[PDB]
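# Secondary and tertiary structure notes
Here's the letter readout for the chains.
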Amino acid sequence: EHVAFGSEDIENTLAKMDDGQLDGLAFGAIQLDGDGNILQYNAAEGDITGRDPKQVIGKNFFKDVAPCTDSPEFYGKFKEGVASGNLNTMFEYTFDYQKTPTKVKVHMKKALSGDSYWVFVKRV
Ligand SMILES: *C(=O)/C=C/c1ccc(O)cc1
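What counts as what
- Residues numbered from 1 in each chain as written, not as in the entry; some residues may be left out.
- Heavy atoms only, no water.
- UniProt positions renumbered as here; feature names shortened; annotations may be inferred.
- Helix = DSSP H or I, 4+ residues; strand = E, 2+ residues; numbered from the N terminus.
- Buried < 20%, exposed > 50% of the residue type's maximum accessible area, 1.4 Å probe, protein only.
- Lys, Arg positive; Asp, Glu negative; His and termini not counted.
- Salt bridge = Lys/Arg side-chain N within 4 Å of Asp/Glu carboxyl O.
- Polar contact = N/O pair within 3.5 Å; in protein donor to acceptor, adjacent residues only side chain to side chain.
- Contact = heavy atoms within 4.5 Å.
- Patch = residues over 30% accessible without salt bridge, like charges linked within 9 Å, V, L, I, M, F, W, Y side chains within 5 Å.
- Areas by Shrake-Rupley, 256 points an atom, 1.4 Å probe, with all protein chains shown as cover.
- Charge placed at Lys NZ, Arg CZ, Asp CG, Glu CD.
- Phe/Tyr/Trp six-rings, centres within 6.5 Å; stacked < 30°, edge-to-face > 60°.
- Near = heavy atom within 4 Å.
- Nonpolar A, V, L, I, M, F, W, Y, C, P; charged D, E, K, R; others polar.

As annotated in the PDB entry, the chain carries the name Photoactive yellow protein and is attributed to Halorhodospira halophila. According to the UniProt record, the Subunit comment for the chain is "Monomer." In UniProt, the chain has this text filed under Sequence similarities: "Belongs to the photoactive yellow protein family."

The following block contains the structure:
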């Protein structure tokens, strides 16, 4: 799937993708509901993070899978965007719960579909 991390229209392009198409992206992609529950989780994200894309669906990202992101800098930005109904933020972050500290770039962007939000990840 020919789509770049950070592209302006990413939410329009990713509205059409099934599981298999999301798995063809060059970067990690997670779709969360407004509470942080995982709706979609692609193969590229599992390759970066070691998590099993099949097992994480239905878990809460902030409570269960990713406690290192339960902080004002990540979760706080997420919830502020859910509350406002708009979200488009990029930042760097370190993942160090199950892994050697690993720095990534994160892009969170409200989806087109209802009650859903994207978290995109790539290595830096
Ligand atoms: C810190 O606990 C981060 C965990 C994490 C980041 C991204 C994922 O896709 C899965 C777990």
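Now for the side chain of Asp-33. Within the secondary structure, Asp-33 is located in the loop between β1 (28–32) and β2 (38–41). No salt bridge forms around the buried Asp-33; measuring N to O, its nearest opposite-charge neighbour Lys-110 is 13 Å away. For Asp-33, the side chain forms a polar contact with the main-chain nitrogen of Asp-35, separated by 2.9 Å. Within the structure, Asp-33 has its side chain in polar contact with the backbone nitrogen of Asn-37 (distance 2.9 Å). Residues contacting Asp-33, with those up to four places away along its chain left out, are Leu-39, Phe-78, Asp-115, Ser-116 and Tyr-117.

Here the focus is a negative patch on the surface. Residues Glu-1, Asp-18, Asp-19 and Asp-23 make up a contiguous surface patch of negative charge. Mapped onto the fold, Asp-19 is located in helix α2 (residues 19–22).

Before going further, it helps to examine the side chain of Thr-49. Within the element layout of this structure, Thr-49 appears in helix α3 (residues 43–49). With sequence-adjacent residues up to four places away left out, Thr-49 is seen in contact with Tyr-41 and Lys-99.

Moving on: the environment of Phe-61. Structurally, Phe-61 can be placed in helix α5 (residues 61–65). Taking C-alpha positions, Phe-61 is 9.9 Å from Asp-33, a pair spaced 28 residues apart along the chain.

The final tally for this structure, using the stated rule, is 13 aromatic pairs. Ring centres 5.6 Å apart and planes at 90° place the aromatic pair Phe-27 and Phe-120 in the edge-to-face group. A residue pair is termed long-range when its members are at least 10 positions apart, and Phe-27 in the loop between α2 and β1 and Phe-120 in strand β5 (residues 117–123) qualify at 93 residues. Across this residue pair, the class does not change: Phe-27 and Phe-120 are buried. Ring-pair connections join several aromatic residues into one group, and the members of that group are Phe-61, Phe-62, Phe-74, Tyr-75, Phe-78, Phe-91, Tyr-93, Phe-95 and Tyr-117.

Looking now at the UniProt feature "domain: PAS" in the chain. Sites flagged by UniProt as "domain: PAS" map to residues 22–85. The distance from the first to the last C-alpha atom of residues 22–85 is 24 Å, and the span holds 47% helix and 14% strand.

A separate point is the site of the ligand. In the vicinity of the ligand, 13 residues are found, and the nearest of them are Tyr-41, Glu-45, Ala-66, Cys-68 and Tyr-97. In this structure, an oxygen atom belonging to the ligand sits 2.5 Å away from a side-chain N or O atom of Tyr-41. Isolated, the ligand exposes 320 Å² of accessible area, and the fraction of that covered by the protein chains is 100%. Among the secondary structure elements, those contributing two or more residues to the shell around the ligand are α3 and α5. A class-by-class count of the residues in the shell around the ligand yields 9 nonpolar, 2 polar and 2 charged.

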